[PDB]
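Let me begin by presenting the structure, written as structure tokens, before commenting on it.
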Amino acid sequence: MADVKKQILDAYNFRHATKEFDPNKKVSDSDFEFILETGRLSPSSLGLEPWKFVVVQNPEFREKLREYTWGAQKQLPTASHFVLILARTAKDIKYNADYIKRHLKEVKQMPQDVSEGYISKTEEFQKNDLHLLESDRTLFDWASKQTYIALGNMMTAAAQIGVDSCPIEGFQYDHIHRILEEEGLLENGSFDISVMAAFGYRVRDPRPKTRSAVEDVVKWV
Amino acid sequence: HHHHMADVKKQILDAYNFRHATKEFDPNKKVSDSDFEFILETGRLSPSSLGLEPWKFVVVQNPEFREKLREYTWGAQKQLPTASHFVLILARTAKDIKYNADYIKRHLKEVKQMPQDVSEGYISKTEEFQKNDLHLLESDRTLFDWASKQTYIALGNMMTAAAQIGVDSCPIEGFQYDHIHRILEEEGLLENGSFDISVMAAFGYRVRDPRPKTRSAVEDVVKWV
Ligand SMILES: Cc1cc2nc3c(=O)[nH]c(=O)nc-3n(C[C@H](O)[C@H](O)[C@H](O)COP(=O)(O)O)c2cc1C
Ligand SMILES: Cc1cc2nc3c(=O)[nH]c(=O)nc-3n(C[C@H](O)[C@H](O)[C@H](O)COP(=O)(O)O)c2cc1C
Ligand SMILES: [Cl-]
Ligand SMILES: [Mg+2]
Ligand SMILES: [Mg+2]
């Protein structure tokens, strides 16, 4: 698979945490729809797809976010596209929530017979397997983990088509939460902010990428 | 160059459609050593918050150890025995990824090559980030789950990369934490409390094709502002 592998690893080395984008270079509609598709097609635990990708293009709303997003001071103004990745809350992804039943039926096409058992399994899984019901936050964080699959996928896919990105956690939750809630974007408590991601074209190449040695992050048994 | 661009997108989306949660692999078909090294590299090269790389990829090839895990991994009953390669993705614990931990200092100095003024500032930023920005110090588990989120980036990447080279996978959360934790602890895999289990992933070759993939319509998971 030598050619494919090289192309992919070149994209992994292309992708970096871009701090500033070219404000005059926009990702095409087609390319951005492809990036979003890699998010949409991502896998998720129990197939629940507990995410929403909010594409904030409005400059004024970006600036509202920027006040409380220390990690995106240049990324927010300059990005071609800027995404808030939301995750479902306990309201919607506790085992007995209506969202789960509707998703399994309407999206996953899971028969009613089958979903009864699947939701019973989900219940035991959340309570006793992974202890996800420890708190409402524990359960949100579980949903949020699924969103990080989508995050990783979207950034990598972007890089493979020559589009830079930057994942962003550097924000003040309390303030971002309020802003999104008041804007309506959390859908009556269905969602909360998980992670942000900018997309666009770099202005300068970065310094060489650094990572742990393979022997320090891989072990064979 | 436009056709090539379009073909890159097509081939990637084909891989996204190829990848599925494979329930059973072919026990007679192994991923090559070279192919699996590539898959691991996509994990290693993944980004992480604060660059901390708070993961370990444990490749469990030993069939007896797989079987020990199987007892307590309801979500991998056929995947454990049949997979070509099986990975336990571990995440760093509070011991190592709280702002004031030695792991962070060493990582910033030796991997990230920061001079001390820069790492001191970075660690100060990390402290405020954990305490007050994202409230990660609510509990040891809050902090662990933050490290675990980073590992899900690597999980996603590895599975997608595998699919791009025709290798099936299955992500796995369906396990009893208490028992898996003990099994890995007793084997020495958690490195004296440095790590805990985050998520599992199997790799190999399918034995049958899945049913069509289902996902939410794009208009229901994307909103423009
Ligand atoms: C983090 C995670 C954990 C999962 N755990 C299991 C599991 O234990 N066993 C399993 O068979 N499938 C597992 N799944 C697979 C999901 O059910 C599957 O990804 C989802 O329904 C979407 O289907 P697809 O991956 O075939 O596209 C898991 C998925 C993810 C992302
Ligand atoms: C979830 C996540 C959150 C991050 N938050 C920020 C951020 O707020 N601002 C920033 O400039 N970089 C941010 N980073 C980028 C990391 O510092 C960077 O990914 C890491 O040092 C590895 O470098 P690379 O991505 O350039 O390969 C974040 C990374 C991840 C994965
Ligand atoms: Cl366009
Ligand atoms: Mg246009
Ligand atoms: Mg062609």
Side-chain angles (χ1 to χ4, degrees), chain A residues 8 41-47 125 129-130 142 145-153 156 214 217-221, chain B residues 15-16 18-27 29-33 35-46 48 53-63 65-66 69-70 72-91 147-175 177 180 183-184 189 195-206 210:
Chain A
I8 293 171
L41 296 176
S42 286
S44 55
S45 184
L46 301 168
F125 166 71
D129 291 339
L130 296 190
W142 170 72
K145 291 172 189 189
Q146 317 307 313
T147 77
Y148 279 57
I149 301 178
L151 176 66
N153 278 334
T156 296
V214 66
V217 292
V218 177
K219 175 177 282 186
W220 296 77
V221 176
Chain B
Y16 276 74
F18 179 91
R19 193 210 54 69
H20 63 286
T22 303
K23 302 293 174 225
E24 178 182 354
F25 303 90
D26 191 329
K29 299 186 87 104
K30 301 305 177 178
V31 177
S32 69
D33 290 346
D35 282 353
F36 200 70
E37 178 174 35
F38 158 77
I39 293 165
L40 290 167
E41 182 73 352
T42 71
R44 187 177 77 84
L45 294 177
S46 286
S48 54
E53 299 166 53
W55 45 59
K56 185 154 290 208
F57 310 114
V58 179
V59 192
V60 180
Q61 299 304 82
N62 184 269
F65 198 73
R66 291 185 181 184
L69 296 169
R70 189 184 67 82
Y72 298 105
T73 308
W74 66 258
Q77 292 300 294
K78 298 176 181 173
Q79 297 93 321
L80 267 159
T82 69
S84 173
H85 290 69
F86 196 90
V87 182
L88 311 173
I89 305 181
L90 309 183
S148 171
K149 290 174 190 189
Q150 318 304 316
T151 75
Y152 280 55
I153 300 176
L155 173 67
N157 279 334
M158 288 191 288
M159 293 185 296
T160 295
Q164 288 176 269
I165 62 158
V167 172
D168 286 299
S169 59
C170 193
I172 295 152
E173 273 177 6
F175 57 82
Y177 168 80
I180 299 303
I183 290 163
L184 305 180
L189 291 171
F195 289 104
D196 209 346
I197 183 63
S198 180
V199 62
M200 306 180 183
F203 297 83
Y205 293 96
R206 68 185 68 183

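Within every chain, numbering begins at 1; the chains are lettered A, B, ... in the order of the sequence lines, protein sequences first and strands thereafter.
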Q | Partner residues of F65(B) under the ring-ring contact (aromatic ring centres under 6.0 Å, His included) criterion, sequence neighbours left out | A | none
Q) Could you walk me through whether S148(B) and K145(A) pass the side chain to side chain contact (heavy atoms under 4.5 Å, CB included) check? A) CA-CA 7 Å; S148(B) 171; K145(A) 291 172 189 189; 2.9 Å; yes
Are [X] and [Y] side-chain neighbours, meaning at least one heavy-atom pair lies under 4.5 Å?
| X | Y | result |
| --- | --- | --- |
| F57(B) | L88(B) | no |
| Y152(B) | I89(B) | no |
| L69(B) | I180(B) | yes |
| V218(A) | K56(B) | no |
| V167(B) | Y205(B) | yes |
| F195(B) | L184(B) | no |
| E24(B) | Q79(B) | no |
| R206(B) | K23(B) | no |

Q: Check step by step if side chain to side chain contact (heavy atoms under 4.5 Å, CB included) holds for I153(B) and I149(A).
A: CA-CA 5 Å; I153(B) 300 176; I149(A) 301 178; over 6 Å; no
Q) After noting the C-alpha distance and the side-chain angles of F175(B) and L130(A), does the key distance pass the side chain to side chain contact (heavy atoms under 4.5 Å, CB included) rule? A) CA-CA 7 Å; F175(B) 57 82; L130(A) 296 190; 3.5 Å; yes
**Q.** Polar side-chain atom of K78(B) near backbone of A76(B) as donor-acceptor pair, under 3.5 Å
**A.** no
Q. Distance-only, no hydrogens or angles: does the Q146(A) side chain make a donor-acceptor pair with backbone N or O of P43(A) under 3.5 Å?
A.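 No; zero donor-acceptor contacts below 3.5 Å.
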Q. Looking at residues at least two apart in the chain, or sitting in another chain, which of them share a side chain to side chain contact (heavy atoms under 4.5 Å, CB included) with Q61(B)?
A.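 Counting only residues at least two positions away or on another chain, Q61(B) forms a side chain to side chain contact (heavy atoms under 4.5 Å, CB included) with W220(A), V59(B), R66(B), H85(B).
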Distance (rounded to the nearest 0.5 Å) between [X] [atom1] and [Y] [atom2]:
| X | Y | atom1 | atom2 | value |
| --- | --- | --- | --- | --- |
| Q77(B) | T82(B) | CD | OG1 | 11.0 Å |
| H20(B) | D168(B) | NE2 | CG | 5.0 Å |
| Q164(B) | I39(B) | CD | CD1 | 10.5 Å |

Please determine, by modelled atom types, if [X] and [Y] share a side-chain donor-acceptor pair under 3.5 angstrom.
| X | Y | result |
| --- | --- | --- |
| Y177(B) | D196(B) | yes |
| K29(B) | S84(B) | no |
| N157(B) | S46(B) | yes |

Q: Mind checking side chain to side chain donor-acceptor pair (under 3.5 Å) for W142(A) and listing every partner two or more places apart, or none if nothing turns up?
A: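 With sequence neighbours excluded, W142(A) shows a side chain to side chain donor-acceptor pair (under 3.5 Å) to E173(B), given in chain and number order.
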Using every non-hydrogen atom in the two residues, find where [X] and [Y] come nearest and quote the distance to one decimal.
| X | Y | value |
| --- | --- | --- |
| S198(B) | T151(B) | OG-OG1, 2.7 Å |
| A83(B) | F25(B) | CA-CD1, 3.7 Å |
| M159(B) | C170(B) | SD-C, 4.4 Å |

**Q.** Intermediate values then yes/no, side chain to side chain contact (heavy atoms under 4.5 Å, CB included), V87(B) and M200(B)
**A.** CA-CA 6 Å; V87(B) 182; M200(B) 306 180 183; over 6 Å; no
Q: Determine, using ring centers only, whether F203(B) and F86(B) are less than 6.0 Å apart.
A: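 Ring centres of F203(B) and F86(B) not closer than 6.0 Å.
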